[PDB]
Structure formats: structure tokens, C-alpha cells
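*Asks:* I would like the atomic coordinates for the input below:
(one chain, ligands or ions: 2)
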Amino acid sequence: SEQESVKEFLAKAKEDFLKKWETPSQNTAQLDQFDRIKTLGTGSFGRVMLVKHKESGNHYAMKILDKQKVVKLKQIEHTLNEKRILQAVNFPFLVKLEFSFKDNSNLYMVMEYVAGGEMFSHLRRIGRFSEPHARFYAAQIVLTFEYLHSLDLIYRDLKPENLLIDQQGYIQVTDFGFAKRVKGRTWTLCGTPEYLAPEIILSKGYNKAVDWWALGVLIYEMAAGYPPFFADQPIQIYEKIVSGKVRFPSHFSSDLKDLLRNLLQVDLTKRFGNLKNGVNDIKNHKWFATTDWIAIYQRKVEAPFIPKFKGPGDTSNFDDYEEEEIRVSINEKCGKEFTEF
Ligand SMILES: Nc1ncnc2c1ncn2[C@@H]1O[C@H](COP(=O)(O)OP(=O)(O)O)[C@@H](O)[C@H]1O
Ligand SMILES: [Mg+2]
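*Replies:* Numbering: from 1, shown residues only. Ligands and ions are numbered 1, 2, ... in the order given. Shown next is the protein structure:
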């Protein structure tokens, strides 16, 4: 009956998610409440400077993003959706939006800061992961989805560059630009060619099931080094995906191979994850026997890699000198559009 504690947690999660979803938090800070140290990333619409909140002392990673440049890039909706999710969502493996606020010149998204970096570049460092070390990262992704999907959300953008390593060596998740709240099904072609599920390719209506295909791709690429479907031109990539014949490397476990063939199933009615048993197909799989799901959830597991910390305090601050500060315009720019933010 202790498995039934999961249902109760989700129910309380959902019942607490919709709460924040229906009436979203807003303007939970002034800019003049922390000083900016160093540009920790060149993000989608503006420099991402490091900050230290004066009240708490704690360090945060804050996204800056010009009002105009969103509309000029036609992504007003994208960014508004992205916030409304992060504002209302909450999980161990999701970057927390600590504060949100607008002014005249731009919106601000103060996020919880992570030492270490995106795991793509990390995967570039160490050629490929061993199965148990890879399992550690994958098992998280499961629980992160099980969560999101439970809320009728689909992340739709699972790819290494997105997910980042913790200070404590776990995973935190990216951005939600593409992530959508969908009860039924959807049609928007949005994603990265190697992780797109065949459904999306064929323009047939895809649903929540996709993220498991994505997981499959991610699980493969990790344990093998290369992705399962990779080509010089995207047209060629699609055809390899849809004609879903997958060739495994030599070292691949009989367990590991089985899961992948099940996650990378081209028939959505046969695809692991999206079945009668739901996620428990994945969670009760032989490749996930060793893993204690609840321990991973409370992070009570020894992470295979810990990025040498040196603290939050930068050894190279801003990586030498930088562009100084920021300026908020006198007149209001595009206020009507971001009334919700
Ligand atoms: N909390 C954070 N800590 C450290 N770096 C971050 C954080 N949030 C974002 N970044 C960096 O900013 C870049 C862009 O952010 P991303 O998550 O891709 O969202 P978006 O693409 O919408 O800007 C990423 O490459 C990432 O390295
Ligand atoms: Mg991104």
C-alpha cells in the first residue's frame, strides 16, 4: 500500500499546482534588491547575470530579456507560457523560478543558480557514460516527467544542452519555451531533430507519449556516445527515425537494449510509458531494478560525478571585465502585452 503514497503525493502536487496556475504569482521583487556580479550565460533574449539577494545573502542566476526583442522575434506567447509553468511547477529536478518581475525595459526571471553546467558539454568531456552512471541521470528524468505528465504538461524539448548538473551532481532542467499544458493532443512542430518522435515528424497529432521517445534517445545517446539517429542533413535524420530500425553498439546490455527498443517504438500504441500500466512499465523494468526511486527523489544517492565546486564565489568573476550594468527606459515599452507577467 506504500506504493499508493505516490498517488497521494501527485494528487497533492496537482492540487497545489493548479492553485498557483489559476492565480499566478507576480512581481515578487524589485531590481534594486540585489547587485549583479557576472554574466553566467548568453541566453535567449538577454545576458544572464549572476546575482546575490541582499536580504538572504544567497546567490541566484537571473535571466534578463528585453521586452521588444521578444515581440520582434514573435515569441510573446512562448515566454508568457514559459513563466506561467515555472511559476506554478515545482520538483526536485526542476530549476526553481525564485522571483519574477517586469519593469519598463524588460522582464526578469530570477532562477535558482546551479554550479556545474549543461550536460551536453559534459558529455563532450567524457566520451560516454557507463550504464549505472547513465541510469542515475535517466531515472531522474523519469520522475521529472512522471511529474510533469501528471499535470497534463509535456516538456517537448528533452535534449542534453537543456538539462544541467547540480552543485550536488544531480540534474536540474533547462527551459520550458516549448513545454505545453495539453489535455488532448497537439500538432506544433517544435523541437530538436534527433529527439523528435516519429509522430511529430509525420505531422500526425502527437501526445504526451513523445517525451518517452525523447527519453529513449537521451538514454541511448548517453550510454553509446552518439545518438541513435544522426545525419548530415535533417531530411536524412527524419527518414532514419521513421524507418525505426535502431542499431545498437557492442557493449550494450541485454537489459538496456530491451528498454530502448520499447521506448523507441515507432507504434505509439506499443510504446513503453504510454500504456495501460503507465510509467510503471518503465519503473518496474529490469534495467531499473537497482535504483530506489524514492531515494533518488530525496537525492539520497551518491552522484557518479560531482563538478569540482570552488563554491558559488567565482574564481573567474564574469570571466574578466564586462559590459557594465543595465538601463530601464523612462517610457513603458510593450506593457499591454506582458500584463500577465
Ligand atoms: N540557473 C542557471 N544556472 C546556470 N546557468 C543557467 C541557468 N539558467 C540558464 N542558464 C544558462 O543560460 C542558457 C540559456 O538558458 P536556457 O535554459 O537554454 O533557456 P533559454 O533557451 O530560454 O534561454 C543555458 O545555456 C544555460 O547554460
Ligand atoms: Mg535552452
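*Asks:* phi and psi next, for residue 267.
*Replies:* Phi and psi for residue 267, reported as degrees, to the nearest 10, are phi -90, psi 110.
*Asks:* outline the domain layout of this structure.
*Replies:* The chain is divided into the following domains under curated CATH domains: 1-23+118-308, 24-117+309-341.
*Asks:* can I get these in a markdown table with mean neighbour count and distance to ligand 1?
*Replies:* From N, CA and C alone the C-beta is placed, and that goes for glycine too. What follows is the domains of the chain, written out as a markdown table (neighbours: other CB atoms under 10 Å; distance: least, CB to the nearest ligand atom, whole Å):
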| stretch | mean neighbour count | distance to ligand 1 |
| --- | --- | --- |
| domain 1-23+118-308 | 17 | 3 |
| domain 24-117+309-341 | 16 | 3 |
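*Asks:* dump the residue contacts of residue 38.
*Replies:* Listed by CB atoms under 8 Å, 6 or more residues apart in numbering, the contact set of residue 38 reads 49, 50, 314, 317, 318, 319, 322.
*Asks:* if you set the cut-off to 10 Å instead, what comes out?
*Replies:* By CB atoms under 10 Å, 6 or more residues apart in numbering, the contact set of residue 38 is 47, 48, 49, 50, 51, 314, 316, 317, 318, 319, 320, 322.
*Asks:* look up how far residue 217 lies from residue 147.
*Replies:* 20 Å (CB to CB, to the nearest Å).
*Asks:* same check, this time on residue 340
*Replies:* Separation of residue 340 from residue 217 (CB to CB): 34 Å.
*Asks:* before we move on, what about residue 297?
*Replies:* 24 Å.
*Asks:* between the two ends of stretch 50-63, how far is it?
*Replies:* With CA to CA, to the nearest Å as the measure, stretch 50-63 spans 9 Å from end to end.
*Asks:* so how far is that stretch off the chain centroid?
*Replies:* Mean C-alpha position of stretch 50-63 versus that of the full chain (CA atoms, centre = their mean, to the nearest Å) differs by 22 Å.
*Asks:* now do stretch 238-246
*Replies:* Chain-centre distance of stretch 238-246: 25 Å, with CA atoms, centre = their mean.
*Asks:* CA atoms of it as PDB?
*Replies:* Below are the C-alpha coordinates for stretch 238-246, written out as PDB (Å, rounded to 0.1, in the frame of the first residue of the first chain):
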ATOM      1  CA  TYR A 238      13.800  12.100 -40.200                       C
ATOM      2  CA  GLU A 239      13.900   9.100 -42.500                       C
ATOM      3  CA  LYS A 240      16.200   7.200 -40.200                       C
ATOM      4  CA  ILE A 241      13.800   7.900 -37.300                       C
ATOM      5  CA  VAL A 242      10.500   7.000 -39.000                       C
ATOM      6  CA  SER A 243      12.000   3.800 -40.600                       C
ATOM      7  CA  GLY A 244      12.700   3.000 -36.900                       C
ATOM      8  CA  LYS A 245      15.400   0.400 -37.300                       C
ATOM      9  CA  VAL A 246      17.900   1.000 -34.500                       C
END
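*Asks:* ok, residues contacting it?
*Replies:* By CB under 10 Å, 6+ apart, the residues outside stretch 238-246 that reach it are 193-202, 213, 216-217, 220, 228-231, 257, 260-261, 264-267.
*Asks:* now intersect the contacts of residue 38 with the helices, please.
*Replies:* In helices, judged by DSSP state H, none of the contacts of residue 38 are found.
*Asks:* among the residues you listed, name the ones in strands.
*Replies:* 47, 48, 49, 50, 51 (DSSP state E).
*Asks:* nearest residue to the third one other than its sequence neighbours?
*Replies:* Of all residues not flanking residue 49 in the chain, residue 36 sits nearest, at 4.1 Å (CB to CB, 6 or more residues apart in numbering).
*Asks:* the one you found in helix, strand or coil?
*Replies:* Following DSSP: H, G, I helix; E, B strand; the rest coil, residue 36 is assigned to strand.
*Asks:* for it, which residues are in contact?
*Replies:* Neighbouring residues of residue 36 by CB under 10 Å, 6+ apart: 47, 49, 50, 51, 52, 62, 64, 318, 322, 324, 325, 326.
*Asks:* for these, give me a markdown table that also has distance to residue 168.
*Replies:* Output for the contacts of residue 36, formatted as a markdown table (distance: CB to CB, whole Å):
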| residue | distance to residue 168 |
| --- | --- |
| 47 | 27 |
| 49 | 23 |
| 50 | 19 |
| 51 | 21 |
| 52 | 20 |
| 62 | 21 |
| 64 | 27 |
| 318 | 25 |
| 322 | 28 |
| 324 | 33 |
| 325 | 32 |
| 326 | 31 |
